[PDB]
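A short write-up of the structure that comes next.
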Amino acid sequence: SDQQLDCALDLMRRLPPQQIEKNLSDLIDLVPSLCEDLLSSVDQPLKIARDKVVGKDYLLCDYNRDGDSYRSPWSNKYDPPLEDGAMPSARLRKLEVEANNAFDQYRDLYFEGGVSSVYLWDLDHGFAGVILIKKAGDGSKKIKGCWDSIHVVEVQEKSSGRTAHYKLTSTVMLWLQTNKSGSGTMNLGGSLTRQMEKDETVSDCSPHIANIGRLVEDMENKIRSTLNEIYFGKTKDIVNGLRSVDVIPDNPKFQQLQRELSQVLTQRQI
Amino acid sequence: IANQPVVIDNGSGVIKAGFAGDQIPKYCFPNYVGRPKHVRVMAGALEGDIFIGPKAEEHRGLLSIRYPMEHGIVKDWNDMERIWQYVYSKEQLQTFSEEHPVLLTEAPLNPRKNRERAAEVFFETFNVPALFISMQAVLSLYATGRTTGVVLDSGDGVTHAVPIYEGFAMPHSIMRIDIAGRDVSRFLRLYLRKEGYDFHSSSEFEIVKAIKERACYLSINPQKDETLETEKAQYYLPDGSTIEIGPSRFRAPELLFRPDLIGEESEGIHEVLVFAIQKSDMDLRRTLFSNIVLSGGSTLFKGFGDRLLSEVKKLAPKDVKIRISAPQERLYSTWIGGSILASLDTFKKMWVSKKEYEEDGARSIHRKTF
Amino acid sequence: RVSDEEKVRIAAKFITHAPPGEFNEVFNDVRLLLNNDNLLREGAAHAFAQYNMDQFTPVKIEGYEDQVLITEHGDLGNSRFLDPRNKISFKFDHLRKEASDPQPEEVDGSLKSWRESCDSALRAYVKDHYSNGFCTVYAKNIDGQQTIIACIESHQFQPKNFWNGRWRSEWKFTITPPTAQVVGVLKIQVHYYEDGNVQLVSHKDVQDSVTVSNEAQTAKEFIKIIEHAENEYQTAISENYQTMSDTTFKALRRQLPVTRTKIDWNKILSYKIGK
């Protein structure tokens, strides 16, 4: 059954990432014994939650959730209301409020839409956060699309010197639909994950969350540019290489260029 | 009509020219058209009123300098025609355009309309017997004597990392930016105004290029240089007045690695180099890492190659042998390759003849290049 | 406890919509998942039939020296498929890679003879579009109507590269004098799975009206329609996505902010907006 989990993860890596929720539910139907293993291991699109007391949307993960209920980052309360939920420390809660506010301004500048959520769970040696974002594209347009963040960070605070070992694990779950130009409609689904670790000295001017943020900004600019290329580097060579009309006239030229390069090869040496 | 062909290596900053089968380009001069600002009162003044090359370099202060070509894309076509006419004229080459075949160069992945209009100029206005446009990276490898390897380059207009493996220039793995020496010179000019010493004039713009060429260095750790206070070194201008440069000299060439500082989204030189290696096939990546060739003027900063090596070590997979090689004459690397390519007997097959252009048109030029 | 009938339906959805580079692996993944073989092996056999028809993939019959695509138009109905070029019936085994034990077929083929001239032409143009290209031009009567059904594919799979590009083309040409009617769908699929996944999924539905004249003309007219459509398609598929995806993917999330400056974290944590 360890091979079954390996196959289950291999299957979700090959099926469309647009239908993770439906396929994961069916995969749990087919293997009910792996339900707990698959829900933890298989990454899926983030759920929308609504805080009724504040009147604001928050996002749901395994880390912020304790049992059936999920701590809202705005009110600090779980829905449904649990008696003794796993809350953070009063210092970490104040830090968590400042994280939410900081990453609220983060998202709103990069996307200018959607919803985010930030939750920080208390550790003895550190403070570890999750930064969720979900932005939806223009619904009226034929081109649908969304962008989803799952930045999990682990900060190991050192005792002396005020330095902090950060460990960022960032997933980016994308699905671009393209229905335009009167030539057909294409739907592209991406899912790259990148890891980054760093030790930064703590400043009194800028808190530790700002140090975390700097990793997110740099990671997102790089992951995005990496993603961007893995799209083209494959959608270009593979599709063009299959059905290129200019392949057959250039093949005759390449064969001429093969004689030519061979003549160049001898002449370059001497 | 198979006479000794001419190699006009184009470029936004500098334009090289000369004959095939030569060691160095004899005719190098900056790619711009200087025109007189002031009113010519006195008789027996500078005649012509359109200055190109060494006359324009000699008489900077009179002339309002303007560049025809930005980011490997000519804006003013009349200016480039005058430059090409000056290249062929008696003041530089001492030849006719009708006798010799032409080897042209351009940056990769440019607009095709400019390539078509370039060919129109060579075939119609000049009466060229045969034309051939080529890549810069392909030539630079022919100059060195290798076939395999990536060619990172940095002129005044374009920076592009082209991966090649045994005479197979992958058109898809070519990365490119519109960030280069001109943008670094513009960013240094902006920093000098923040320091105090303002330069706004077009003749005065070339003093900023001269300061960028001479008094600049790329630090390995930029955060460490930001925390430390600079020494504020001096430099004498063409007039005589001294200028304390300050922290502008080291923060200016950071634009190439951090393109966010000017205010435009791009990858960067070090990212482009990693990115050109990644887009190619898995088996060919380790050979591409081992052979990395440098070229262009904006690779000549102090500690540039050392910073490139550190950036590759950070991004690339671990336990891989990195080697960023470079020739002695980095400025004339592309032209030497063209002179070698032109001297070869194969060159007759590749070119676009004037008869073939008159029959087909632009389609034949698009087919022969790739 | 999930019912055995529920297990087969879950297996069917994955097998019916699996990427063809790894679909035979997906079947192996479904089989390596559930313990017993017979329940999936029996259910997959039906899925493979429907699945291998929608791929337009050719099984090489041992002694033909060419490749005959399989679809709904070749389906005789008795688990054997038509090869309209070589004109022999073949039984296609769906688990195993090969199709063997063929049977010579003989039909009057009056509507079928006309299109087989147009077919043998199409092939030469398929060879022009792709380095490796295989086809099948089915000849059939559909509720009284007279319809050529050309199909083209391309399979480019490599295990080491982790990328797989796959083309399938569906083309139906109904013969009616003078004016004829055409219906066709054109699906691309590419999949990259290194350091995480990326997929290209596509199609173009085209409705066209053609007029029949000659055998040489009808052979070179339909091909021309396909040639221009598939180029325009690839052109748009390559040239729009390299630029427009970059801008639409950027319209969702931008590479730098609206200021074009990396956001200052010190600014975010000590600034107030509004009124």
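Sequence positions for chain C are given in Swiss-Prot numbering; the residues included correspond to 7-281, in order.
Quick check of the header: electron microscopy, 4.0 Å.
Cβ coordinates are placed from backbone N, Cα and C, and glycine is handled just like the others.
Look at Swiss-Prot and you will find C:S9 tagged as phosphoserine, backed by similarity to another entry. In this structure, C:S9 (phosphoserine) belongs to neither helix nor strand by DSSP; it is coil.
Per Swiss-Prot, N6-acetyllysine is recorded for C:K19 (among others), and the stated evidence type is similarity to another entry. Within 10 Å of the C-beta of C:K19 (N6-acetyllysine) there are 15 other C-beta atoms, taking all protein chains into account.
Feature annotation from Swiss-Prot assigns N6-acetyllysine to C:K97 (among others); the stated evidence is similarity to another entry. Following the DSSP three-state reduction, the secondary structure of C:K97 (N6-acetyllysine) is strand.
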Chain A neighbours, filtered from modified residues C:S9, C:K19, C:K97, Cβ-Cβ distance under 8 Å: C:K19
Euclidean distance between Cα atoms of C:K19 (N6-acetyllysine) and C:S9 (phosphoserine), Å: 16
Integer Cα-Cα distance in angstrom, C:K19 (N6-acetyllysine) to C:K97 (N6-acetyllysine): 25
Spatial neighbours of C:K97 (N6-acetyllysine) that are distant in sequence (at least 6 apart) but have CB under 8 A: C:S85, C:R86, C:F87, C:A105, C:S106, C:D107, C:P108
Other CB atoms within 10 A, centred on C:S9 (phosphoserine): 9
